[PDB]
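Written below as structure tokens is the structure these notes are about.
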Amino acid sequence: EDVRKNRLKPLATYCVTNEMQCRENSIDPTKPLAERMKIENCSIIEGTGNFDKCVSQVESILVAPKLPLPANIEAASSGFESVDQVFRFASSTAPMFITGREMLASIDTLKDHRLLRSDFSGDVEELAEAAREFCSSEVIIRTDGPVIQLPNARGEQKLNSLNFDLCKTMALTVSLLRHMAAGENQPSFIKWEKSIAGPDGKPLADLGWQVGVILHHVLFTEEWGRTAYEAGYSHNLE
Amino acid sequence: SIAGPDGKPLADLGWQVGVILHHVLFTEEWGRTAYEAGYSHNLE
Amino acid sequence: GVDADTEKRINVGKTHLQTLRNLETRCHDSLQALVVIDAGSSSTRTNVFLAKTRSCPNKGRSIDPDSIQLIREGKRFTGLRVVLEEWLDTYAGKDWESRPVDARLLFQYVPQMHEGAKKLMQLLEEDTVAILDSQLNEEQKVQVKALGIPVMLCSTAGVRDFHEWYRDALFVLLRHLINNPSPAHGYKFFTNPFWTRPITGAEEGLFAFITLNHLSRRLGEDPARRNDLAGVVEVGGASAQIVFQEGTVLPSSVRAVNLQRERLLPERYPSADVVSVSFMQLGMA
Amino acid sequence: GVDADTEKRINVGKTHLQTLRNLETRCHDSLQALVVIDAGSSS
Amino acid sequence: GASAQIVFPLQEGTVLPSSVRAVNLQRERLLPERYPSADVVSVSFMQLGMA
């Protein structure tokens with residue numbers, strides 16, 4: 001019930017057309033912080049278990065919203081307001097890599113339950129067929145943690161703080177791949193990776209912004225030599 | 001010896017100061033050999 | 001006999017000078033450590049890296065890009081967002097979130113923000129040294145300490161700007177803590193406003209693109225076709241990024257991000273015009 | 001009184017950051033030694 | 001007649017929100033590097049033009 005532990009806090013804090021765009025997305029800036037993120041006339045959330053309805057909602061709210069958020073144009077950003085407009089005007093045939101802890105887990109969970117084939121092709125309908133069966137699963141209270149019972153005896157797994165919201169990420173993967181296919185140009189291959197292996201067989205470093213930050217300073221031979229070697233640690237010395 | 005602004009000479013006459021300056025004055029080359037490479041160059 | 005003794009003795013003396021003359025002219029390789037502090041909305045953790053430096057005469061010192069390898073990623077400590085939030089609860093009152101509080105009045109509690117940042121920095125220094133002492137051997141430590149360790153503390157998308165002065169001043173204090181480390185360990189940690197700086201979602205996506213192409217051996221000096229680079233779709237905790245045909249007619253409202261012009265890649269590396277987009281609304285939280 | 005206490009306390013905190021921001025931007029002077037060995041016919 | 005323009009030198013060390021961008025004359029190839037660096041608030045409005 002905490003204000004800091006609330007997931008709507010980064011959206012509530014940030015919220016000419018910016019004031020209008022926030023209000024239409026239910027985040028009224030004029031309203032106080034307490035009722036800004038508090039859902040009006042709601043007390044209980046009940047799971048209906050429908051993947052196709054989840055996909056359409058993720059599409060209408062997150063992926064392709066009719067009234068999107070400002071999405072400002074900085075020195076690093078291109079300028080696109082939403083995902084749907086990116087693959088519509090700027091689609092490329094260049095290979096794609098889908099990263100993210102919750103994103104990778106969405107594909108792995110379907111693979112381990114035999115619903116998704118061992119060969120990771122990246123076909124939207126093959127991914128949607130496997131997720132439709134998994135997300136329509138029953139929940140029963142057990143002696144050693146709650147279990148996710150798959151329909152027509154496909155399998156079972158323990159329910160945790162990272163497994164219940166996994167189906168929303170599965171809908172995000174389906175919706176995002178649907179926009180990639182709809183565009184003029186389609187990528188060479190669609191792959192899911194946690195880390196890229198080097199020439200030795202083992203990865204040198206993990207995926208993220210980490211290596212990019214090093215390189216963008218390191219690659220500039222003259223500037224790196226002046227700050228890291230000419231000045232060095234000897235700079236901050238009295 | 002030539003006296004400086006304080007009244008006392010900074011260094012004695014000869015080739016000594018000239019050898020220092022002819023390496024020192026070249027800002028880029030001096031920074032590459034004396035600071036970029038430095039003493040850390042001859043290290044196994 | 002006497003001829004075999006004389007010819008070998010001369011050869012040993014000749015090869016001795018040849019080896020000595022080579023040491024002066026040839027390039028020397030030295031091991032260097034690189035520290036990157038991953039400061040986020042959830043946690044602030046250290047990342048220790050290793051690289052090979054090439055010391056050539058009249059050319060200077062440069063890091064081999066392919067030699068960059070991560071050794072160990074540190075433990076998850078309290079985020080920078082919480083550090084300032086606790087500073088606002090104690091020195092401005094819990095009402096700060098809704099009730100308007102003057103920023104000028106909080107300028108008197110600056111050394112109190114320094115003490116709060118000191119508490120986190122000492123733990124990050126302790127964790128880094130623990131990795132360096134356990135992962136490096138004795139000969140490696142001689143090269144690592146003598147050169148100096150550059151630190152790159154970056155606060156990613158998720159940490160709020162606060163719209164005042166709090167976050168900007170905290171970074172000035174953080175840099176001072178890094179530039180003044182414990183002399184006990186011997187590891188010369190240092191930084192500057194260029195390395196230690198707050199980063200945005202769009203910037204994070206661009207660095208993630210440079211990382212992916214470097215590890216896949218795609219990003220290099222020799223061009224294959226504009227270099228053949230692979231795109232990335234990273235859906236993180238706070239923000240999601242999409243960074244990725246040829247000479248396409250693009251609208252005026254949207255600009256194609258050139259990594260060379262934006263000072264992210266040098267002129268010697270092939271030109272890369274990419275579509276860089278970041279959305280906070282698609283991030284996990 | 002309370003106004004003189006608050007205004008001075010803010011000023012000390014403001015001048016603390018001003019000095020810290022200056023150290024990062026301003027140039028630093030360090031003493032260095034240079035050795036020249038005069039090798040001749042006599043000594 | 002058609003459109004109104006307002007171009008002026010930017011305040012030294014402004015807030016500069018990510019919604020807007022500062023137009024550098026040297027970076028936009030309008031002025032050479034030998035001339036002093038200048039960042040301006042360059043805006044044009046069709047709705048404010050005389051006609």
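Going through the structure tokens in order, the chains are called A, B, and so on, while each chain numbers its residues from 1 and the ligands are numbered from 1 in the order shown.
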### Selection near residue 16 of chain A, 12 Å with only C-alpha atoms, sequence-local residues under 5 positions removed, as a list in words
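The residues satisfying every condition are residues 21, 22, 70 and 72 of chain A; 19 and 20 of chain E.
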Which residues of chain A have any atom within 12 Å of an atom in chain E when counting only C-alpha atoms, and what is the closest pair of atoms for each, with the distance in Å to one decimal? Order the rows by chain and rising number and write it as CSV.
```
residue,atom,partner,partner_atom,distance
A:16,CA,E:19,CA,10.0
A:17,CA,E:19,CA,11.2
A:18,CA,E:19,CA,10.0
A:70,CA,E:19,CA,8.4
A:71,CA,E:19,CA,8.2
A:72,CA,E:19,CA,4.7
A:73,CA,E:19,CA,5.7
A:74,CA,E:18,CA,4.9
A:75,CA,E:21,CA,8.0
A:76,CA,E:18,CA,9.9
A:77,CA,E:18,CA,9.5
A:78,CA,E:18,CA,12.0
A:79,CA,E:19,CA,9.9
```
#### Entry: Polymer residues at most 12 Å from residue 164 of chain A, only C-alpha atoms, same-chain spacing of 2 or more positions, as an MDAnalysis selection string
chainID A and resid 47 49 102 106 134:135 137:139 146:148 157:162 166:170
Just C-alpha atoms for this one: save the residues we selected as a PDB file, in the first residue's frame.
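Below is the file that was written, result32.pdb:
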```pdb
ATOM      1  CA  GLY A  47      -7.880 -13.237 -13.420  1.00  0.00           C
ATOM      2  CA  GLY A  49      -7.215 -16.193 -18.276  1.00  0.00           C
ATOM      3  CA  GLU A 102      11.355 -11.118 -18.156  1.00  0.00           C
ATOM      4  CA  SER A 106       8.572 -15.682 -21.644  1.00  0.00           C
ATOM      5  CA  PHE A 134      -0.238 -21.653 -21.062  1.00  0.00           C
ATOM      6  CA  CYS A 135      -2.079 -18.402 -20.139  1.00  0.00           C
ATOM      7  CA  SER A 137      -4.188 -22.309 -16.921  1.00  0.00           C
ATOM      8  CA  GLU A 138      -5.950 -22.930 -13.554  1.00  0.00           C
ATOM      9  CA  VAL A 139      -4.570 -21.918 -10.098  1.00  0.00           C
ATOM     10  CA  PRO A 146       0.568 -22.466  -5.245  1.00  0.00           C
ATOM     11  CA  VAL A 147       0.854 -24.397  -8.550  1.00  0.00           C
ATOM     12  CA  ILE A 148      -0.019 -23.360 -12.168  1.00  0.00           C
ATOM     13  CA  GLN A 157       5.019 -25.245 -12.097  1.00  0.00           C
ATOM     14  CA  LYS A 158       5.281 -23.173  -8.849  1.00  0.00           C
ATOM     15  CA  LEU A 159       3.669 -19.692  -8.808  1.00  0.00           C
ATOM     16  CA  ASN A 160       5.995 -16.856  -7.648  1.00  0.00           C
ATOM     17  CA  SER A 161       6.477 -13.015  -7.807  1.00  0.00           C
ATOM     18  CA  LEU A 162       8.019 -13.387 -11.340  1.00  0.00           C
ATOM     19  CA  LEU A 166       4.862 -13.383 -17.229  1.00  0.00           C
ATOM     20  CA  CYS A 167       1.751 -13.713 -19.497  1.00  0.00           C
ATOM     21  CA  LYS A 168       1.603  -9.874 -19.914  1.00  0.00           C
ATOM     22  CA  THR A 169       5.243 -10.022 -21.214  1.00  0.00           C
ATOM     23  CA  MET A 170       4.170 -12.927 -23.542  1.00  0.00           C
TER      24      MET A 170
END
```
### Task
Taking only C-alpha atoms into account, report as JSON, numbers by chain which residues of chain D lie within 9 Å of chain A.
{"D": [23, 24, 27, 28, 29, 30]}
Emit the selected residues as a PDB file, in the first residue's frame, including N, CA, C and O atoms.
```pdb
ATOM      1  N   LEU D  23      36.948  22.221  -8.492  1.00  0.00           N
ATOM      2  CA  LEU D  23      38.027  21.220  -8.498  1.00  0.00           C
ATOM      3  C   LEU D  23      38.001  20.320  -9.741  1.00  0.00           C
ATOM      4  O   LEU D  23      39.059  19.943 -10.247  1.00  0.00           O
ATOM      5  N   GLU D  24      36.793  19.993 -10.230  1.00  0.00           N
ATOM      6  CA  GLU D  24      36.571  19.149 -11.405  1.00  0.00           C
ATOM      7  C   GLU D  24      36.912  19.877 -12.709  1.00  0.00           C
ATOM      8  O   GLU D  24      37.473  19.264 -13.619  1.00  0.00           O
ATOM      9  N   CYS D  27      42.232  23.672 -13.622  1.00  0.00           N
ATOM     10  CA  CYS D  27      43.503  22.973 -13.831  1.00  0.00           C
ATOM     11  C   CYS D  27      44.246  22.768 -12.510  1.00  0.00           C
ATOM     12  O   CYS D  27      44.230  23.650 -11.648  1.00  0.00           O
ATOM     13  N   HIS D  28      44.902  21.605 -12.361  1.00  0.00           N
ATOM     14  CA  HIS D  28      45.661  21.250 -11.161  1.00  0.00           C
ATOM     15  C   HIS D  28      47.162  21.256 -11.419  1.00  0.00           C
ATOM     16  O   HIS D  28      47.621  20.689 -12.413  1.00  0.00           O
ATOM     17  N   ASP D  29      47.921  21.904 -10.517  1.00  0.00           N
ATOM     18  CA  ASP D  29      49.377  22.004 -10.610  1.00  0.00           C
ATOM     19  C   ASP D  29      50.073  20.962  -9.741  1.00  0.00           C
ATOM     20  O   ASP D  29      49.787  20.863  -8.547  1.00  0.00           O
ATOM     21  N   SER D  30      50.976  20.175 -10.356  1.00  0.00           N
ATOM     22  CA  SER D  30      51.746  19.125  -9.685  1.00  0.00           C
ATOM     23  C   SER D  30      53.240  19.287  -9.958  1.00  0.00           C
ATOM     24  O   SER D  30      53.634  19.580 -11.089  1.00  0.00           O
TER      25      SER D  30
END
```
### Contacts of residue 38 of chain B at 10 Å (only C-alpha atoms; same-chain gap of 4+ positions) as a ChimeraX atom specification
/A:229-230 /B:30-34,42 /C:55,60-61,147
Could you give me, as CSV, a per-residue list for segment 33-82 of chain C showing, wherever an atom lies at most 12 Å from an atom of segment 8-29 of chain B, the closest pair of atoms and their distance in Å to one decimal, using only C-alpha atoms and sorting by chain then residue number from low to high?
```
residue,atom,partner,partner_atom,distance
C:57,CA,B:29,CA,9.9
C:58,CA,B:29,CA,6.4
C:59,CA,B:29,CA,8.2
C:60,CA,B:29,CA,8.6
```
### Interface list for chain D, partner chain B, 10 Å threshold, only C-alpha atoms, as a PyMOL selection string
chain D and resi 34-38
Write a file of the just-selected residues containing C-alpha atoms, as a PDB file, in the first residue's frame.
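Output file part_28.pdb is given in full below:
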```
ATOM      1  CA  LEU D  34      63.674  15.997 -14.347  1.00  0.00           C
ATOM      2  CA  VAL D  35      67.111  14.294 -14.463  1.00  0.00           C
ATOM      3  CA  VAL D  36      69.855  15.199 -16.991  1.00  0.00           C
ATOM      4  CA  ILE D  37      73.143  13.250 -16.859  1.00  0.00           C
ATOM      5  CA  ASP D  38      76.111  15.307 -18.137  1.00  0.00           C
TER       6      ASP D  38
END
```
